[PDB]
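To start, the structure itself, in structure tokens.
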RNA sequence: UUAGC
Ligand SMILES: Nc1ccn([C@@H]2O[C@H](COP(=O)(O)OP(=O)(O)OP(=O)(O)O)C[C@H]2O)c(=O)n1
Ligand SMILES: Nc1ccn([C@@H]2O[C@H](COP(=O)(O)OP(=O)(O)OP(=O)(O)O)C[C@H]2O)c(=O)n1
Ligand SMILES: O=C1C=CN([C@@H]2O[C@H](COP(=O)(O)OP(=O)(O)OP(=O)(O)O)C[C@H]2O)C(O)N1
Ligand SMILES: [Mn+2]
Ligand SMILES: [Mn+2]
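Residue numbers (the UniProt record's numbering): 2 to 1265.
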């Protein structure tokens, strides 16, 4: 550690709260990090006096592995396959030797890559060579699933941990987290690596590079070492920053060692990933004596996902685990995988917790953080053959007699059918009719928005489309000479812009390209990049599904992302007397096939949509005629609408299946097209479609099936008490059944179990394998809840990991910083020990803030000041002579954040600046007689501030584009969007109207006429950058570092004029014994105190924020938030109604709606959040889990504590000021360590009025 | 070649 101490001494003290932080020391540390060689990090590890408790037997078979060759074979289709040994799953990367297949590297003689000789043979067609190349490429792919070299994270840990224990400012004592000499993952990392390197000077087992991965030429290396080491590093960092229990952490290391000890690390990890969750979370409190759980009320309507805290629910044996015992299966799993030692220890401990409190949930959390975080990996061929193969077993098919004759591609399900499909058909028919009935549906703008949804800078199987079109002799414009990426649906859109649906129809059956995705703790999933016509024709399906989810069920739309994964719902459902069954449907995509669902859904939509869509085109699709054979004998022609024409074509594809074109770049020679009937993921229907069937079937069960299959009075009573509208929330294939409790306690466990067995039996009838889980836990959207307490899953957030499906190289330097920030933010959301985490983040950042640059022997260096990370969101540990750890990680981001920390120590700064020569005769309004301009330029505070706001990736704009083809393109884009003249006429109106009432007021008019340009811009930036464009990026950042400044942004200079007075701490908003988020307990002072004083956000953030916009959606390409800002800004700037009416016309609205909303906006009392946008203020993400709405409303007094001040009074017409003022107050409160405090407006330098003009100046100057 | 939200 003397190696580390000597080289980072001063820096360590700065991020440990002992010494102030200075950019001079930060940048040096950066340079030290950059000069540390990989073997040096191991040399440093050697200096650690590890304790015996940090050691455990390392399996000798982790080193000696068999040849890879016996693990593969060539199949009947000549594709290189993984040869199974431990079951159908044994398809991942096998644990084998690999040195024998490498050629030493030219320079790094001790490291090696796959022999070029072997690849050439493989490329020639040699079976043995292909087998070896595949194994080589896949094993390499496995090692790449990390963000940067493991040594960088380790070195950072060493530097951060050299600071020793950290003193808690609030608790007033040092933490008792064991030092590194007790870190078992680290000890293993050093020992395993040292054992591999052996006599070799090079200490690294492998090198994560750009030229690819290279392996240390040791006969002890294994394809499993990269993943294993990656797991140990995460655990190493977490034991120190999450304050994890070392004893548990070892159980986690043991499993990993066993994974490396197995024949396939990846596979073993997958089969045992449930060990920690099963032996703790799903086995808590078989005995219960005390503790408290939340007591929440679900507000009406339940669809708002809004709850209110009502106190605490004392716990007793009355609430002990009533759900079935998983002991037997749990021990069986351990026995089968040689981990019964771990399982047992886990069970024995889980039993000692008889009180539900901070101690026990932290235990669960702790346990669940020890699960491997590797992104499982296997060759594309293997994913495709395992995912697009299995078919649903429809145990009770729809009788063939129950279909009518064909109506084109569809057959109506007779209304005499006795099949359960009867109900599935009614629901889709109803929704389809009502949706097509809505007037909006027929509005040109709406159809433009829909058509735009899939016009993105993402792929759409471009090539395949082109050829399916060539098959019918129809060539698409190639726009030869344009600097944009051709494999984008944006490019596709332009090619198809001027072609009749009849000419592009065939493309609906074109092949699908391969798209892959690796996930932590899950198998890789294949994806289908549908093409523009395929996406277009799918609208009907998507729209009807949306109608169901918005009007007929209780569902959440999103992918996820904490808090908007509706944390509140989880607290409620998991809180006694409430109970929840976690429903899931396995192989959902393979379960939605034509045979039962799609054939029915297609028919119901086609029929229910008939009367309202009649005689009309839809989204560019014409109406037509199709053969009609419904009635026996009677065979005629039927006039169908364009919307129906869509279902007609979509039905053709769903029926045939998808032609998945598989070009496995990891497996030489594995090129094949695989036909599959599994549902598409890349469809705009997918998510919403599955969410819809989910609720529909569950509704059918609870209403029909269930009741009809049991005469059990209790099961019938329970069932009758459940409605999909109140008690069943779902998203995609995930379901959460919430059984509200009574005063008599919770519903009988045995009755619930009966109910569930009926649900299971029910699914088999139509090919669905329900994955039901009744264990006293709530698990929805990968969020874990117990007794009202959320349990973050640290293992699903690998600190070092990163999905990398493709072979392409990582993004150029800068890019990594964003990733490091995201790592920080997860730690804040996951609840790690705030100080330990903040200090480590500083070490990690500093270790990635410097990069070597080239300009032609012009060897320089790009260095980000420490101040750039603050701007990005990382709080200061201690600056300007202030006390240590006064800043919380809830410090806002950007300007709002800069204003907050600076305001919290304004005087300190001034006093310090002066005391250090930074004095002047000019008295600064914010910094008194401090020479703040000369100070910030020297410390690189301005420099860093501006560097933070510059692009972290190369820009392609500026590429020479021949004006003519450039115009043809943007023209094509335009025609695609301006298909319907009515829309265009609308925008034109807004335009001439704008020149009269709005032009001049603001300069950011969002216009549909911008879309073509924004779209082109996107297709451009999607293409690969050039080494030159990379140089231009560095030059920009490097120029901003040279330049000197005299001020901050115009807005931040305005906020600084506002001074406050922090006062009395807020009273608790929730009980202090109440466990709300494991890890967030009295042991994690700042997060914990914030949670308690501020209170938890008890509503769905998506519902909440949906109430801060006048318009929810708009043509993809425009910004809903921009439009909302433009309108409020025009209002705030005194613009006339007609001006807002003009703005709305310009983004597609009908004059009537335009005038209506315009007139509505004018007279509205805009809420804080919504209004705060006029000046680009946004609720910080880190705040999302807290009750910020209440902080704004009741704890940020705008009336000075001692009455009214001339400067503080808010001008008559400047009421909007109050919204902006609330953010500034909140900013300071949230940034200060400890309890939320009530803050009071103390002063506004030039008065409110002056401030308003200052803001309005900014407003009217935006985009000049 | 590398999807929808
Ligand atoms: N002032 C410097 C010099 C080097 N490096 C880092 O060094 C790495 C590769 O170059 P080296 O060969 O390691 O640098 P040298 O300066 O030549 O080595 P030292 O003086 O011991 O000789 C990458 C580069 O960012 C750095 O950050 N700052
Ligand atoms: N923004 C960037 C990123 C990389 N490079 C160039 O790429 C070359 C090597 O790539 P890296 O692997 O990214 O640089 P290293 O110094 O070898 O180490 P790493 O980025 O961790 O620092 C040398 C460097 O000049 C550059 O000029 N500008
Ligand atoms: O990036 C993503 C991630 C999930 N998606 C959808 O959600 C579901 C299923 O969710 P999950 O449980 O994660 O996938 P399964 O195949 O059902 O995993 P398994 O049976 O172990 O549960 C299938 C997809 O349609 C999606 O479309 N895109
Ligand atoms: Mn599933
Ligand atoms: Mn799922």
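The C-beta atom is built at its ideal place from N, Cα and C for all residues, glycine as well.
What are the residues that DSSP puts in a beta bridge with residue 628? 638
Can we count residue 1035 as close to ligand 2, meaning its CB is less than 6 Å from some heavy atom? yes
One or two residues paired with residue 581 in a DSSP bridge: 739
Closer than 8 Å by C-beta to residue 802: which residues in its own chain qualify, once you throw out the five before and the five after it? Chain order, please. 146, 147, 148, 231, 235, 374, 375, 376, 521
Considering only heavy atoms of ligand 1 and the C-beta of each residue, which residues fall inside 6 Å, strictly closer? 32, 35, 36, 851, 853, 862
Would you decide whether residue 1004 is buried or exposed? Buried here means 16 or more other CB atoms lie within 10 Å of its CB. exposed
Going by C-alpha distance, which of 226, 311, 261 is nearest residue 1071? 311
With distances taken between CB atoms, is the gap from residue 1129 to residue 1175 smaller than 7 Å? yes
Once DSSP output is grouped into helix, strand and coil, what is the label at residue 1263? coil
With residue 91 as the anchor, note down where its alpha helix (DSSP H) starts and where it stops. Unbroken run through residue 91: none, as it is neither H nor E.
Within the same chain, show all residues whose beta-carbon is closer than 6 Å to that of residue 854, passing over the 5 residues directly before and after it, in chain order. 861, 863, 1035
Within 6 Å: the Cβ of residue 211 and any heavy atom of ligand 2? yes
If you draw a straight line from the C-alpha of residue 482 to the C-alpha of residue 184, how long is it? 58 Å
Considering only the alpha carbon of each residue, which of 632, 573, 911, 649 lies closest to residue 626? 649
When you measure from the CB of residue 687 to every non-hydrogen atom of ligand 3, does any distance come out below 6 Å? yes
Between the region 842-852 and the region 551-560, do at least 3 Cβ pairs fall closer than 8 Å? no
Does DSSP put residue 851 in a helix, in a strand, or in coil? strand
So, are the CB atoms of residue 138 and residue 673 less than 7 Å apart? no
Taking 6 Å as the cut-off, is the beta-carbon of residue 814 closer than that to any non-hydrogen atom of ligand 2? yes
Ligand 5 and residue 1: does the residue's C-beta get closer than 6 Å to at least one heavy atom of that ligand? The structure shown has nothing for residue 1, since the chain only spans 2 to 1265.
Identified DSSP bridge partners for residue 314: 294
Tell me which residues share the same chain as residue 1263 and place their Cβ nearer than 7 Å to its Cβ, disregarding the 5 neighbours each side in the sequence. 1003, 1004, 1005
Identified DSSP bridge partners for residue 558: Residue 558 pairs with nothing; no bridge assigned.
Quick one: complete beta strand (DSSP E) runs, 3+ long, within the region 908-960? 920-925, 929-931
From residue 722 to residue 645, what does the alpha carbon distance come to, in whole angstroms? 39 Å
Relative to ligand 3, is the shortest distance from any of its heavy atoms to the C-beta of residue 734 smaller than 6 Å? yes
Taking its Cβ as the centre, do 16 or more other Cβ atoms sit within 10 Å of residue 416, making it buried, or is it exposed? exposed
By Cβ distance, which residues of its chain are closer than 7 Å to residue 953, with the 5 residues on each side in sequence left out? 815, 816, 818, 819
Check each candidate in 327, 1088, 1158, 935 and name the one with the smallest Cα separation from residue 778. 327
Any idea which residues DSSP pairs residue 501 with across the strands? Looking at the DSSP assignment, residue 501 forms no beta bridge with any residue, so it has no partner.
Rounded to the nearest angstrom, what separates residue 897 and residue 1228 at their Cα positions? 7 Å
Given the structure, does residue 682 come close to ligand 3, in the sense that its CB is under 6 Å from one of the ligand's heavy atoms? yes
My guess is that residue 218 and residue 112 are in contact by the Cβ rule of under 8 Å, so how many angstroms apart are they, rounded? 7 Å
Should residue 910 be counted as a contact of ligand 6 given a C-beta to heavy atom distance under 6 Å? The model depicted lacks ligand 6 and carries ligand 1, ligand 2, ligand 3, ligand 4 and ligand 5 instead.
Going by beta-carbon coordinates alone, are residue 876 and residue 18 separated by less than 7 Å? no
Put residue 1230 into one of helix, strand or coil per three-state DSSP. helix
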